[PDB]
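Text of target_11.cif, listed as mmCIF, C-alpha atoms and all ligand atoms:
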```cif
data_coords
loop_
_atom_site.label_atom_id
_atom_site.label_comp_id
_atom_site.auth_asym_id
_atom_site.auth_seq_id
_atom_site.Cartn_x
_atom_site.Cartn_y
_atom_site.Cartn_z
CA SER A 349 0.00 0.00 0.00
CA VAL A 350 1.12 3.56 -0.69
CA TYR A 351 1.01 4.49 3.02
CA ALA A 352 2.96 1.39 4.17
CA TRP A 353 5.68 0.54 1.65
CA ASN A 354 8.28 -2.18 2.04
CA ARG A 355 11.87 -0.90 2.21
CA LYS A 356 13.80 -3.87 0.83
CA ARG A 357 17.57 -3.99 1.33
CA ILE A 358 19.83 -5.03 -1.55
CA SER A 359 23.43 -5.70 -0.53
CA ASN A 360 26.46 -7.93 -1.09
CA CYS A 361 25.46 -8.97 -4.61
CA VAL A 362 26.47 -8.28 -8.19
CA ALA A 363 23.80 -6.12 -9.83
CA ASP A 364 23.53 -6.46 -13.62
CA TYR A 365 21.28 -3.54 -14.57
CA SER A 366 21.24 -4.49 -18.26
CA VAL A 367 18.76 -7.35 -17.76
CA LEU A 368 15.88 -5.38 -16.22
CA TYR A 369 13.80 -4.61 -19.31
CA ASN A 370 12.08 -8.02 -19.34
CA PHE A 371 10.52 -8.12 -15.85
CA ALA A 372 8.32 -5.04 -16.31
CA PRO A 373 8.69 -3.04 -19.55
CA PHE A 374 7.17 0.32 -20.59
CA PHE A 375 8.85 2.29 -17.81
CA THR A 376 10.17 5.84 -17.33
CA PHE A 377 13.39 5.28 -15.28
CA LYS A 378 13.50 9.01 -14.30
CA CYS A 379 17.10 8.89 -13.09
CA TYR A 380 17.63 11.83 -10.75
CA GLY A 381 21.33 11.12 -10.43
CA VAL A 382 23.29 8.26 -11.98
CA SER A 383 22.67 7.84 -15.70
CA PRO A 384 20.43 5.05 -17.06
CA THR A 385 23.33 3.23 -18.69
CA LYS A 386 25.89 3.95 -15.95
CA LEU A 387 24.61 1.71 -13.14
CA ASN A 388 26.92 -1.07 -14.38
CA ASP A 389 29.98 1.16 -13.90
CA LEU A 390 30.36 1.88 -10.16
CA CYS A 391 29.82 0.39 -6.72
CA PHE A 392 26.92 1.18 -4.38
CA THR A 393 27.18 0.82 -0.61
CA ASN A 394 23.43 0.34 -0.06
CA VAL A 395 20.56 -0.03 -2.52
CA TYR A 396 16.98 0.24 -1.25
CA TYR B 495 10.46 -11.11 -31.08
CA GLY B 496 6.92 -12.09 -32.02
CA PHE B 497 3.47 -12.21 -30.45
CA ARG B 498 -0.27 -11.97 -30.97
CA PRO B 499 -1.57 -8.36 -31.20
CA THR B 500 -2.38 -8.45 -27.47
CA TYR B 501 0.70 -9.02 -25.30
CA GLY B 502 2.46 -7.57 -22.26
CA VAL B 503 2.28 -3.99 -23.68
CA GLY B 504 6.03 -3.27 -23.39
CA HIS B 505 7.00 -5.45 -26.35
CA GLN B 506 4.54 -3.67 -28.70
CA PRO B 507 6.64 -2.51 -31.67
CA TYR B 508 7.43 0.96 -32.99
CA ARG B 509 8.35 2.18 -36.48
CA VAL B 510 11.32 4.56 -36.17
CA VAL B 511 12.56 6.72 -39.06
CA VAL B 512 15.42 9.16 -38.49
CA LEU B 513 16.24 12.35 -40.41
CA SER B 514 19.96 13.11 -40.18
CA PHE B 515 20.46 16.55 -41.73
CA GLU B 516 23.81 18.04 -42.72
CA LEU B 517 24.95 21.59 -43.40
CA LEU B 518 27.94 23.61 -44.72
CA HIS B 519 29.90 21.29 -47.13
CA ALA B 520 28.83 21.30 -50.83
CA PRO B 521 26.33 23.60 -52.55
CA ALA B 522 22.87 22.80 -51.24
CA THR B 523 20.44 20.40 -52.90
CA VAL B 524 17.53 20.39 -50.45
CA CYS B 525 16.14 23.90 -49.96
CA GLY B 526 12.51 23.83 -48.81
CA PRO B 527 10.03 26.42 -50.08
CA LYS B 528 11.53 29.16 -52.25
CA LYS B 529 10.73 32.88 -52.18
CA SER B 530 13.67 33.80 -54.40
CA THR B 531 14.21 37.47 -55.26
CA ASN B 532 16.27 39.31 -57.88
CA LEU B 533 19.68 40.78 -57.09
CA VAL B 534 21.03 44.22 -56.25
CA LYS B 535 24.75 44.93 -56.14
CA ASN B 536 25.38 48.35 -54.59
CA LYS B 537 23.10 48.74 -51.54
CA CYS B 538 22.47 47.16 -48.16
CA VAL B 539 19.90 44.35 -47.94
CA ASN B 540 18.64 41.63 -45.62
CA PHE B 541 20.13 38.78 -47.61
CA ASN B 542 19.43 35.05 -47.34
CA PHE B 543 22.08 32.86 -48.99
CA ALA C 397 16.08 8.58 -43.77
CA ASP C 398 16.74 5.28 -41.99
CA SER C 399 13.68 3.21 -41.08
CA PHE C 400 13.56 0.11 -38.86
CA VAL C 401 11.48 -1.57 -36.16
CA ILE C 402 12.37 -1.56 -32.45
CA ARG C 403 9.84 -2.47 -29.84
CA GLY C 404 9.12 -0.07 -26.99
CA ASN C 405 11.97 0.36 -24.54
CA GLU C 406 14.66 2.23 -26.52
CA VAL C 407 12.71 5.08 -28.15
CA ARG C 408 14.35 7.50 -25.69
CA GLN C 409 17.51 5.36 -25.46
CA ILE C 410 18.34 6.29 -29.08
CA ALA C 411 19.77 9.53 -27.64
CA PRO C 412 23.57 9.98 -27.98
CA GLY C 413 24.29 9.62 -24.27
CA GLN C 414 22.28 6.46 -23.67
CA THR C 415 23.90 3.17 -24.66
CA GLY C 416 23.26 -0.53 -24.23
CA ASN C 417 22.02 -3.43 -26.34
CA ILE C 418 20.85 -1.12 -29.15
CA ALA C 419 23.46 1.64 -29.31
CA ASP C 420 26.39 -0.80 -29.10
CA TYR C 421 25.01 -3.60 -31.31
CA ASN C 422 22.47 -1.88 -33.62
CA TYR C 423 21.81 1.61 -35.05
CA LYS C 424 24.27 3.89 -33.25
CA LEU C 425 23.79 7.64 -33.14
CA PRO C 426 27.03 9.65 -32.70
CA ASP C 427 27.93 11.71 -29.64
CA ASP C 428 27.28 14.94 -31.53
CA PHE C 429 24.35 14.81 -33.94
CA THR C 430 21.96 17.25 -35.59
CA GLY C 431 18.63 15.87 -36.78
CA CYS C 432 15.25 14.63 -35.59
CA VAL C 433 13.74 11.14 -35.38
CA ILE C 434 10.08 10.18 -35.82
CA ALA C 435 8.34 7.15 -34.30
CA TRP C 436 4.73 5.96 -34.10
CA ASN C 437 2.77 3.12 -32.54
CA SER C 438 2.62 -0.30 -34.20
CA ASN C 439 0.15 -2.02 -31.88
CA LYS C 440 -1.79 -3.91 -34.57
CA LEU C 441 -0.55 -2.81 -37.99
CA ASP C 442 2.96 -4.25 -37.46
CA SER C 443 2.22 -6.92 -34.85
CA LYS C 444 0.59 -9.72 -36.94
CA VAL C 445 -0.26 -13.23 -35.73
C1 LIG A 601 7.09 -14.21 -12.33
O1 LIG A 601 6.98 -15.52 -11.76
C2 LIG A 601 6.21 -16.44 -12.55
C3 LIG A 601 6.12 -17.73 -11.76
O2 LIG A 601 5.42 -17.55 -10.54
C4 LIG A 601 6.85 -16.62 -13.92
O3 LIG A 601 6.04 -17.48 -14.72
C5 LIG A 601 7.01 -15.27 -14.61
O4 LIG A 601 7.71 -15.42 -15.83
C6 LIG A 601 7.76 -14.29 -13.71
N1 LIG A 601 7.84 -12.98 -14.33
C7 LIG A 601 8.99 -12.33 -14.56
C8 LIG A 601 10.25 -13.02 -14.14
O5 LIG A 601 9.01 -11.22 -15.09
#
```

Go ahead and express the file in the form of structure tokens.
Ligand SMILES: *[C@@H]1O[C@H](CO)[C@@H](O)[C@H](O)[C@H]1NC(C)=O
Amino acid sequence: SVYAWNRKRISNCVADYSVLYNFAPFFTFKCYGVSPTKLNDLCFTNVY
Amino acid sequence: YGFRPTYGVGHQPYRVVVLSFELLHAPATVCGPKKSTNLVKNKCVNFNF
Amino acid sequence: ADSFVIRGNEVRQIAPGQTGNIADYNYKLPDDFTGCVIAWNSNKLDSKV
């Protein structure tokens, strides 16, 4: 629900952001920050 | 790819045509609509070459 | 004019900055580029059985 969201922790794993377009297509991706194609370039301490 | 005309919306195809223009270079071939005007040679104008 | 078919997820990824499965392995648009692209829906006319 929009008032009680789940804050899932993603850590200690290799994240391949290329294979994302199959799970749920027709997105926006609205990247306020790191570029759409630049996730698979740098490390992230915590992803939520 | 390939599917029946109803599918999971995101795979629905798109027809993309580009138009890569280019300038400078040779004398022009594409010009668009013409409103060409005769020439003067000794006075100031608002030219369009 | 270059025309092709590409489904629904790289219409805004055809920009010069964005890269991936299409810009590296298909129609690649250079880093600097003047021109405009045109795309329309193909929900039933280019979907077939
Ligand atoms: C979601 O899980 C179901 C099985 O419960 C599977 O058939 C489907 O392909 C999955 N969708 C994905 C991975 O996008």

Note to self: I'd like to know which of B:525, B:504, B:542, B:497 is closest to ligand LIG 601 (chain A), using all atoms listed in the file.
What the structure shows: B:504

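Put simply, CA of residue 388 in chain A is 9.5 Å away from CA of residue 362 in chain A.
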
Next item on the list: Enumerate as a ChimeraX atom specification the residues within 9 Å of ligand LIG 601 (chain A), counting only C-alpha atoms and all ligand atoms.
Entry: /A:370-372

Take the residues that were just selected and, keeping C-alpha atoms, output them as a short mmCIF file (atom, residue, chain, number, x, y, z; two decimals), in the frame of the given file.
```cif
data_model
loop_
_atom_site.label_atom_id
_atom_site.label_comp_id
_atom_site.auth_asym_id
_atom_site.auth_seq_id
_atom_site.Cartn_x
_atom_site.Cartn_y
_atom_site.Cartn_z
CA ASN A 370 12.08 -8.02 -19.34
CA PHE A 371 10.52 -8.12 -15.85
CA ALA A 372 8.32 -5.04 -16.31
#
```

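Shell of residue 438 in chain C at 7 Å, with all atoms listed in the file counted and residues fewer than 3 places along the chain excluded, is residues 506, 507, 508 and 509 of chain B; 441, 442 and 443 of chain C.
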
Margin query: Given all atoms listed in the file as the basis, pick out the residue of B:512, B:500, B:538, B:505 nearest to residue 411 in chain C.
Written below: B:512
